[PDB]
Amino acid sequence: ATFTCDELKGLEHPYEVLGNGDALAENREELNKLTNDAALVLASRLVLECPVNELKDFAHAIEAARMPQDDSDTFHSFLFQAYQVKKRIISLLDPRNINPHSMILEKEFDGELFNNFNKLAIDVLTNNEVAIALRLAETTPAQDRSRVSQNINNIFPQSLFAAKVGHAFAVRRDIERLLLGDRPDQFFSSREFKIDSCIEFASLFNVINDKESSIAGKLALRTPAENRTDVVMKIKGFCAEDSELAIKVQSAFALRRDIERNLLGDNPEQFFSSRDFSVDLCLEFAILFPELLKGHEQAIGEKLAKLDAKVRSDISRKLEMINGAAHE
């Protein structure tokens, strides 16, 4: 129950042994007989082994063993500072927390608290860097994006966590300025394109949901021909093969090929009478038509002159509707 100094120094499961008020009070004297390095190490391990769900409980435990004679020099000081480090880091992943970037910007991350307990900070961050970076990329506004990052680089310099936060911020920035923009092919043709950053933070692409039709249309319109296979391979790289984005992008490329081969060829009627023709598909990607048919309506109309009146009228009706679906 009451161990010697070295025995407390050598506990292999410190949270199971000292993780309540009773055990903390029983061992107060021998815990206070510890050197400051040994006390730091023991408090760090004690706080590491404490599961997240018990943290709050553990908090009250630390408060139960608090004494008036507990100044910033006893073991209670080390244990409370360690709990503070772990609580403030883990609250970044708290679902009830709406703005973790606020906590990071409000300088709630003390320099010396995370400087003395930097090993503990890195150990708490271990195996949680991707999750926290994803959360920060999801909730941080763009204006503060580079400030948040800077803080992380000052407190955790040359760490895996800061690198992951940079990566997630880059992926978010490029999904907003490039993928959802007028030139979504530049998202893929950028020199900074990193497939592993896209895969590690794939949840960030959830923002394009129910927008894959527009993105696919703009891709089919603006992507250079030599980049099409590359775009498709990258999408299949960080998206599911049955995801909306892949299906729609490949079908939009196919529709552009159909327009260029059959509609702008010698027998445009084959474009409309083929089993591959779909008014729904032409409408879904209507943005393709004004550009690719610019200054070609008369040649096609001449190549359709010998058709029946019903067929010619139907084709012209469909083209005017498709053009009306464009400019929208």
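What the deposited record gives as its method is X-ray crystallography, and the resolution it gives is 2.80 Å.

With that settled, consider the overall build of the chain. A tally of regular secondary structure across the chain gives 23 helices and 0 strands. Along the first, second and third principal axes, the C-alpha set of the chain runs to 105 × 30 × 25 Å. Across the chain, every contact between residues at least 6 apart in sequence was considered, and the portion connecting residues at least 24 apart equals 77%.

For the structure on display, the rule yields 14 aromatic pairs. The ring of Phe193 is capped by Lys234, whose NZ or CZ atom sits 4.4 Å from the centre of that ring.

A few words on the pattern of salt bridges. Oppositely charged side chains are able to pair whenever their charged atoms sit close together. The full count for this structure, using the stated rule, is 12 salt bridges. The closest approach of N and O atoms between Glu176 and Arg145, which form a salt bridge, is 3.5 Å. Residue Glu176 is found in helix α13 (residues 160-179), and its partner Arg145 is found in helix α12 (residues 145-155); the two are separated by 31 residues along the sequence. Here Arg183 and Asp185 are joined by a salt bridge, their closest N and O atoms 2.9 Å apart. Under the relative-accessibility criterion, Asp185 is labelled buried at 2%. A cluster of three or more residues bridged by salt bridges with shared partners is formed by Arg145, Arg172 and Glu176.

Moving on to the side chain of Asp258. Tracing the backbone shows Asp258 in helix α18 (residues 244-263). Of the side chains bearing the opposite charge, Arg257 lies closest to the buried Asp258, which forms no salt bridge; the N-O distance is 7.3 Å. Excluding residues that lie within four positions of it along the chain, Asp258 makes contacts with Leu263 and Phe271.

In this structure, the largest cavity spans a volume of roughly 110 Å³. Around the largest cavity, the lining residues are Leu24, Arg28, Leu31, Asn32, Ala65, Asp70, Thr74, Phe75, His76 and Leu79.

The topology assignment puts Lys303 in the loop between α22 (297-302) and α23 (309-325). The class of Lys303 is partly exposed, set by a relative accessible area of 39%. Placed 28 residues apart in sequence, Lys303 and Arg275 show a C-alpha to C-alpha distance of 20 Å.

Our focus in this paragraph is the domain arrangement of the chain. Domain parsing of the chain yields domain 1 (1-96), domain 2 (98-196) and domain 3 (209-328). With centres defined by C-alpha atoms, the gap from domain 1 to domain 3 works out at 66 Å.

With that settled, consider the packing of helix α5 (residues 36-48) against helix α7 (residues 75-90). The packing of two helices is summarised by the inter-axis angle and the distance between the axes. Packing of α5 against α7 brings their axes to within 9 Å, and their N-to-C directions diverge by 40°. When the interaxial angle is binned, α5 and α7 end up oblique. Relative to α7, α5 is oriented so that their crossing is right-handed. Here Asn36, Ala39, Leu40, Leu42, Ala43, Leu46, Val47 and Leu48 of α5 come into contact with α7, specifically with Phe75, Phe78, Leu79, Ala82, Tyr83 and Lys86. Partitioning the contact of α5 with α7 into residue classes produces 12 nonpolar, 1 polar and 1 charged.

Where α12 contacts α13, the two axes come as close as 9 Å, and the packing angle between them is 170°. Judged by the inter-axis angle, α12 sits roughly antiparallel to α13. Across from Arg145, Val148, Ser149, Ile152 and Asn153 in α12, the residues of α13 making contact are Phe161, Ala162, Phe169, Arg172, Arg173 and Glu176. In terms of residue class, the contact of α12 with α13 is built from 5 nonpolar, 2 polar and 4 charged.

Positionally, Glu129 belongs in helix α11 (residues 129-139). For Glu129, the side chain forms a polar contact with the main-chain nitrogen of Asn127, separated by 3.1 Å. Every residue in contact with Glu129, bar those within four places of it in the chain, is listed here: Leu160, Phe161 and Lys164.

In this model, helix α6 (residues 52-64) (13 residues) spans 19 Å end to end at C-alpha, consistent with the 18 Å of a helix rising 1.5 Å per residue. The sharpest bend along α6 reaches about 25° and sits at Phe58.

The next subject is α5. Taking 1.5 Å per residue as the helical rise, α5 with its 13 residues ought to reach 18 Å, and the 18 Å between its terminal C-alpha atoms agrees with that figure. Taken together, the buried positions of α5 are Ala38, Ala39, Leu42, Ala43, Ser44, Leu46 and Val47.

With a phi angle near 60°, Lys107 is a residue other than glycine that sits in the positive phi range. Positionally, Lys107 belongs in the loop between α8 (100-105) and α9 (113-116). Exposure remark for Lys107: the relative accessible area of 61% places this residue in the exposed category. The phi angle at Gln158 is positive, at roughly 55°, despite the residue not being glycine. In this fold, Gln158 is placed in the loop between α12 and α13.

Conventions adopted
- Residues numbered from 1 in each chain as written, not as in the entry; some residues may be left out.
- Heavy atoms only, no water.
- Residues with missing side-chain atoms left out of burial classes, pairs and counts.
- Helix = DSSP H or I, 4+ residues; strand = E, 2+ residues; numbered from the N terminus.
- Contact = heavy atoms within 4.5 Å.
- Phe/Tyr/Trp six-rings, centres within 6.5 Å; stacked < 30°, edge-to-face > 60°.
- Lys NZ or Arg CZ within 6 Å of the ring centre and 35° of its normal.
- Salt bridge = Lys/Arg side-chain N within 4 Å of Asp/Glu carboxyl O.
- Buried < 20%, exposed > 50% of the residue type's maximum accessible area, 1.4 Å probe, protein only.
- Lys, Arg positive; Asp, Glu negative; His and termini not counted.
- 1 Å grid on protein atoms, 1.4 Å probe; cavity = no way out; pocket = protein on both sides within 12 Å on 5 of 7 lines; lining within 4 Å.
- Points joined across faces, edges and corners; volume = space filled by probe spheres on them.
- Domains from an automatic or database assignment.
- Axes fitted to C-alpha atoms, helices over the stretch in contact; angles between N-to-C directions.
- Parallel < 35°, antiparallel > 145°, perpendicular 65-115°, else oblique.
- Left-handed = near helix turned anticlockwise from the far one by under 90°.
- Nonpolar A, V, L, I, M, F, W, Y, C, P; charged D, E, K, R; others polar.
- Polar contact = N/O pair within 3.5 Å; in protein donor to acceptor, adjacent residues only side chain to side chain.
- Expected span 1.5 Å × (residues − 1).
- Bend = angle between axes of the 7 residues up to and from the residue.

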